[PDB]
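Residue strings, one per chain:
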Amino acid sequence: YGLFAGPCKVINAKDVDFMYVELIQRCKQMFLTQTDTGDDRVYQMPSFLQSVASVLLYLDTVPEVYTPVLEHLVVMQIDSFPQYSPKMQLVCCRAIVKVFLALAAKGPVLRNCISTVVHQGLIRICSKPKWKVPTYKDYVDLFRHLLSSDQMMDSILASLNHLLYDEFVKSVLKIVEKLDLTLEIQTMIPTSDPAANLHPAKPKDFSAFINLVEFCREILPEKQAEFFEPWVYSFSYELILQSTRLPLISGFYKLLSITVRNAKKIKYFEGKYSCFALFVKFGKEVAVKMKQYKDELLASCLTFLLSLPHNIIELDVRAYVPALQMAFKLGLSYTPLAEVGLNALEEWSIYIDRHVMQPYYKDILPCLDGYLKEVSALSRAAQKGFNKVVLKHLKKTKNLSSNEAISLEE
Amino acid sequence: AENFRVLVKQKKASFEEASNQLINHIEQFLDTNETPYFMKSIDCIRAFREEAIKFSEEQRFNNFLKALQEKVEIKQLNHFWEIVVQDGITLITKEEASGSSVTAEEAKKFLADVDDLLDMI
Amino acid sequence: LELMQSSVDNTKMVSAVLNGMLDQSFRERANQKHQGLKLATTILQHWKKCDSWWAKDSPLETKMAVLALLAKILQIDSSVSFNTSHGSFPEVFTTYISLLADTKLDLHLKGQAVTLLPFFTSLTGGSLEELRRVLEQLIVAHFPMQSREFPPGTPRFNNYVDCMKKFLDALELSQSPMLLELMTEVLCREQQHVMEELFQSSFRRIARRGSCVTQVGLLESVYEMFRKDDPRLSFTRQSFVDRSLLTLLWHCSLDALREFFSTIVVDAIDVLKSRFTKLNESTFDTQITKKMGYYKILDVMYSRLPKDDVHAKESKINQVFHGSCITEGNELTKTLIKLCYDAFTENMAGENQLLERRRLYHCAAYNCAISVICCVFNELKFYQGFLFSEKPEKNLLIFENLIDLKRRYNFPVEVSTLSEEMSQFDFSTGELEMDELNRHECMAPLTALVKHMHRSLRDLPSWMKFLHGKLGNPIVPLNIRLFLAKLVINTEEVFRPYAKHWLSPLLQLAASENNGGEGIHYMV
């Protein structure tokens, strides 16, 4: 139907307007109106969206009454990604990429809606916690197909990565503006800042936030050749203006460490001058304020501080070695900050010119001496030789090999 | 009624396989005796009366008139009585013959201890 | 004003500007709920300037934009566009009528029209007669002729469920006595429309609303549409009291309901005290079904009521005899128990005209009997007197009439803030298992009765030894002999201490080759 809607343009020039109405009327009353919960008519939604995109390519003069059905369908298909099988979780990606290719090549009075479909999809996946519910750990595959390895996904369909990148950044900043992340007193006289005053008054927003930060972390390591270049001043200024009056909420330092790692991956630091003074004026404040914290907040603060560029922020090198002799003693029982301690001590001493450095070695190195001091289906398959079922439990039990939990011997 | 002339007008199987279901489709309008229901069936009986002389349905002709005479002579149903005796679509009108041109005079001729324990409590 | 002076030249842009102003006046309604109603007031006082929208010959998109515009306008404000001739109620109600009136759209293009009935089913019957008239015109012109007859998978029944679900949500949120009096009429036309479960749950949601002076109105409406002499068939007459008012009665009527119990009894105790003019079956079976409905209503009303206001001297028994005088207390139970014991005892040796519905009438009298014996003084041998203790010399057959004794039983072998920013995208867009014998419409009150006999106070005469006498003979009909064992099966906790006498007839049922087929397996 959706394929032959193409060549029927040159035969009637009204049936192309008859389809996309009959098609949307079939598409509505199957999984929006009735039997949205109990139905099995889910395994053809990729064919549905592929058909609607292939007719929307040829359809000019949009009705502008069914676009709140199109963009109430495509967020349903983005929502219904992990109730699937492999080698169809890629067909769903091809469908969504095809639709987003379709409604962006006709007019800029239309394509504002491409900025609210992804905003609604982010508010969809950033609130989920017999059955099982997938939390955020498998939408990351779709959101990396949609941006990073996309040139083998828009090849077979007739840039878009730039547009979807900018829409993702606008959505991830527009969520964090209205969240009400302030926290109230819960039921002696304490001293520390995390206390019985660790209770956010909007507890569903907090879960949205702690699902948002790890999602942004796993979505933006790379593909930042210039796609994160013009954003760093606005994004950094927003995060500083937030977290200066939001002290004891972790994750803000996590997003800051993400953008400052990208600001070191791109060059951006050969002094643009407006952020060079914000970082210098904030680094002193966290370096003096991080004494009276505790564990899972200290980890984020230290991973922020020991990733500042510091081949450029060389001035007052004594302002951070109490946060480098802390990154090693707080190692040895939680590894990936004992990794960033060595990864910062290797970055400093090869780049900082070796005369401000050399007095500061008897207070870095003497804390570096805690380091120099059955039956499954695989087994039952391997016990009866090798006949193709060890291939089954070698291929189907594969591809989850990305957790780089760094052990202690390396 | 008009949306069901698609079989006896293009092509079909053996003829009058629509007449046996037509009485089924027009009988069910008088289960509930509401006011607008009586006027939907008079359009059907004023819609096959013109096809009985056209589609060569003499065997339907003298058949579909006792169909609405028995249904008005079973019960009272006077609201459906007045609309079929004030206008009149009833028993065979012209001659019981397909070749004629005479009027409907025959229609106007046809239409004018088990008690001890009870009181103890 | 300046924006609606230009209402004909550029309709699309003024519609879009009005929508963008409307939802933005809806968004910050938490701090500025003064302008969000004043804007809707000011646009409703200017409906004269737009008439090329909701007229004929316009293509069918501006009309849907008018529907969505009016839907936003009336979903934002208060219920103020109806009352005391406030504003342009003629020229908004003419729009609301004429949009769904003419056969100009399709059926799923009036679905957006049938959404806003809760704001506009709270009028007086002057124009509301016209409202019911055009609703019934839609019913007789758009619904299927006889029954469903279209599976989900044709382009008519998918539409039909798409329309009826919106109807059911309208009836769910609007407690309106007219829409129920249409939905009950469209339901009871066959044996079962296959969407019964959402129907029953929706009726349950109607039953619990509060403001308890309106549930009497709902039950009064369905009672009056059941009671009158609109000459319907037997099935449609029975199905009302079967499955559209008993759902409301059983779920949640009222915790202190004496109104619908008081104002009904001298309307149907007379037709229970009536005769049978056995000359023609049309007046026969209708009177049987009316007696059956009165039986079931009195059954439920005796069941889910306390005993003090029905048995003691109160303001509920001074109804049947001589007004509000002190007669003797609890007389209604006496004049009911006499005629119900008179029922289910009529021998029908020559009576062979309509006997299955009379069997249903007998079983309904039985259920009413157990429900009133639930409310009797329930100590001495009333249990031995009533529901048992016949005298078969004068042809008193309790079980051999209500048990069918003609059907060959089958018996098979064995087998927060983001909810708000997510709703802003939704504002501006849009026991046992019953095989063959466990549903015999007598078993559950009998089992509850035997259980109540246990946890209320040799053989036990009228309910164990009497069944022992009526099971030990292999000369009794078969179906009663099978029916009586699925009481000691389901309630063996009473028969376990007296299982020393229940030792032979179960094995006589199992061993003798008179069970059915190759022997009725799973029973064995």
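- Method of determination, as given in the entry header: cryo-EM; reported resolution: 3.9 Å.

A look at the overall build of chain A
Link 1 in the chain: Check the secondary structure of chain A and you find 17 helices and 0 strands.
Link 2 in the chain: Oriented by its inertia axes, the alpha-carbon framework of chain A measures out at about 85 × 65 × 50 Å.

Quick word on the overall build of chain C
Link 1 in the chain: Helix and strand content of chain C: 27 helices and 0 strands.
Link 2 in the chain: Whereas a compact globule of 524 residues would reach a radius of gyration of roughly 24 Å, chain C reaches 30 Å, over 25% beyond that.
Link 3 in the chain: Each principal axis of the C-alpha distribution contributes one length, and for chain C these read about 95 × 60 × 55 Å.

With respect to the interface of chain C and chain A
Link 1 in the chain: Taken together, the 16 residues of chain C in the interface contact 20 residues of chain A.
Link 2 in the chain: Listed by contribution, the elements that provide at least two residues to the side of chain C that touches chain A are α7 (157-173) and α21 (420-427) of chain C.
Link 3 in the chain: Tallying contributions element by element places α7(C) first for the side of chain C that touches chain A, with 5 residues.

A short note on the interface of chain B and chain C
Link 1 in the chain: Every contact between the two is made by 17 residues of chain B and, on the other side, 22 residues of chain C.
Link 2 in the chain: Mapped onto the side of chain B that touches chain C, the elements with two or more residues apiece are α1 (19-27) and α7 (116-120) of chain B.
Link 3 in the chain: Along the lines of polarity and charge, the residues of the side of chain B that touches chain C split into 8 nonpolar, 5 polar and 4 charged.

Comments concerning empty space enclosed by the protein
All names here are of chain C.
Link 1 in the chain: Of the voids in this model, the largest cavity is the one considered here, and its volume is about 190 Å³.
Link 2 in the chain: In this structure, the largest cavity is lined by 16 residues; those nearest its centre are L100, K110, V114, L138 and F167.
Link 3 in the chain: Among the secondary structure elements, those contributing two or more residues to the lining of the largest cavity are α5 (90-101), α6 (125-142) and α7.
Link 4 in the chain: Here the residues of the lining of the largest cavity are counted per class, giving 13 nonpolar, 2 polar and 1 charged.

Regarding the nonpolar core
Nonpolar side chains tend toward joint burial in soluble globular proteins.
Link 1 in the chain: Within the largest apolar cluster, 140 residues are counted, with the highest numbers of intra-cluster contacts made by C:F167, C:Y302, C:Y366 and C:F399.
Link 2 in the chain: In terms of residue count, helix α18 (residues 356-373) of chain C provides more of this core than any other element does, 10 residues in total.
Link 3 in the chain: Once residues lying within four places of it in the same chain are set aside, the contact partners of C:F167 are C:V114, C:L138, C:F143, C:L179 and C:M183.
Link 4 in the chain: Within the second largest apolar cluster, 112 residues are counted, among which are A:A5, A:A95, A:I219 and A:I249.

Topic: the packing of aromatic side chains
Each aromatic ring pair is described using two quantities: the centre-to-centre distance and the angle formed by the ring planes.
Link 1 in the chain: Within this structure, the stated rule accounts for 42 aromatic pairs over all chains.
Link 2 in the chain: Ring centres of A:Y233 and A:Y237 lie 5.9 Å apart, and the angle between their planes is 10°; on these two criteria the pair is classed as stacked. Here A:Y233 and its partner A:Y237 are both found in helix α10 (residues 232-243), 4 residues apart, which amounts to about one turn of the helix.
Link 3 in the chain: Overall, A:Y233 belongs to the partly exposed group, its relative accessible area being 37%.
Link 4 in the chain: Each ring, one from C:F388 and one from C:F466, has its centre 6.2 Å from the other, and the planes form 70°; the classification is edge-to-face.

Scoring rules and cut-offs
- Per the conventions used, each chain is numbered from 1 along its written sequence, independently of whether this matches the entry, and residues without coordinates are not displayed.
- As a convention, the first chain written is A and the first ligand written is 1, with the rest following in written order.
- Chains on display form part of a larger assembly; values are given for the displayed part and nothing beyond it.
- Only hydrogens and water are set aside when side-chain values are computed; all heavy atoms of the structure are taken into account.
- Residues with missing side-chain atoms are left out of burial classes, side-chain pairs and their counts.
- Each helix is a run of DSSP H or I of at least 4 residues and each strand a run of E of at least 2, with the numbering of both proceeding from the N terminus.
- Only C-alpha atoms enter the radius of gyration; for comparison, a globular chain is expected to reach 2.2 Å times N to the power 0.38, where N is the number of residues.
- By definition in these notes, contact holds between two residues if any of their heavy atoms fall within 4.5 Å.
- Each residue gets one of three labels, nonpolar for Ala, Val, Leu, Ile, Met, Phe, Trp, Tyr, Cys and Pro, charged for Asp, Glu, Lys and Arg, and polar for the others, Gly among them.
- Any residue with an atom within 4 Å of a point lines the site, the site being either a cavity, points on a 1 Å grid over the protein atoms alone where a 1.4 Å probe fits but cannot get out, or a pocket, an open set with protein on both sides within 12 Å along at least 5 of 7 lines.
- Grid points are joined across faces, edges and corners, and a volume is the space filled by probe spheres set on the points.
- As used here, the term nonpolar core means buried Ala, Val, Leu, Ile, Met, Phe, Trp, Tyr and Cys residues forming a set that is joined through side-chain atoms within 4.5 Å.
- Whether a residue is buried, partly exposed or exposed follows from its accessible area with a 1.4 Å probe, protein chains only, as a fraction of its type maximum: under 20%, in between, or over 50%, in that order.
- Any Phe, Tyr or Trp ring, taking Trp's six-membered ring, that has another such ring centre within 6.5 Å forms a pair; planes under 30 degrees apart are called stacked, those over 60 apart edge-to-face, and the others tilted.

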